[PDB]
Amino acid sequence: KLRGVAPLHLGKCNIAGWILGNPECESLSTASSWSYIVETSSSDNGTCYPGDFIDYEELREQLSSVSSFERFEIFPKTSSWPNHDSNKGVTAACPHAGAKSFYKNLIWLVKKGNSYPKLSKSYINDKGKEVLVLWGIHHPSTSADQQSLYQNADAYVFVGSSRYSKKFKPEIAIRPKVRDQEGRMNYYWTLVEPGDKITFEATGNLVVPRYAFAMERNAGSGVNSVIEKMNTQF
């Protein structure tokens, strides 16, 4: 009957949608820890900008045994992005009541004034914690859409640290319009151990992190005197 009693049941988003910064979000426990998650699946809604969440089931586990949890501002939207325009990054996928907003934890980045200089950025864990950063990568529909946004024809997106490394390229093509979006937000995550710096190196197509997260874990995840020691608990 009961395998149950599990902490943090989502009311609104789903793991993906919520931990992403979808605007449908904002419920339930400003911060915490828990045994494992629960989801009203928003599937037909999900993550407002369409695309693929890679290593989703690797992570869904990775967010189970969590003890420490803190969302920190990894780099401000503000002072992090001097050479490219920061708020053009809104789209009609994710409106905040009235106007069309974007995801919370992410900056969707675009050329300021006909320019996209090479984007260089890093981050360094002073924690004894394991910091988890999420970003995304956008492949416009059309070469005009590419150029309207990022200005850089051949645009590569590298990454940083050690545990994880990779390199991405955008695909400019027309998918079926979902929320009038013929493009794609692909989403991703990594885990920065207390010691390593995750680097981001971009000529474009990169949707930057702003808030990040911090956590921890364990294996097994989702006559009178003698009496004076009681029994046990916790």
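Just count from 1 along the sequence shown to find any residue number.
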property: Residue stretch of maximal mean CA temperature factor, 5-13 vs 208-216; result: 5-13
property: 51-59 versus 37-45 - which carries the larger mean C-alpha B factor in the record; result: 37-45
property: C-alpha B-factor winner, where the candidates are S80, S162, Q146, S120; result: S162
property: Residue selected from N186, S65, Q181, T199 by maximal Cα B factor; result: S65
property: Record-listed C-alpha B factor of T190: chain third; result: middle
property: CA B-factor ranking of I174, expressed as a third of its chain; result: lowest
property: Third of the chain, ranked by Cα B-factor, where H139 sits; result: lowest
property: Record-listed C-alpha B factor of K129: chain third; result: middle
property: Chain-relative CA temperature factor third for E73; result: lowest
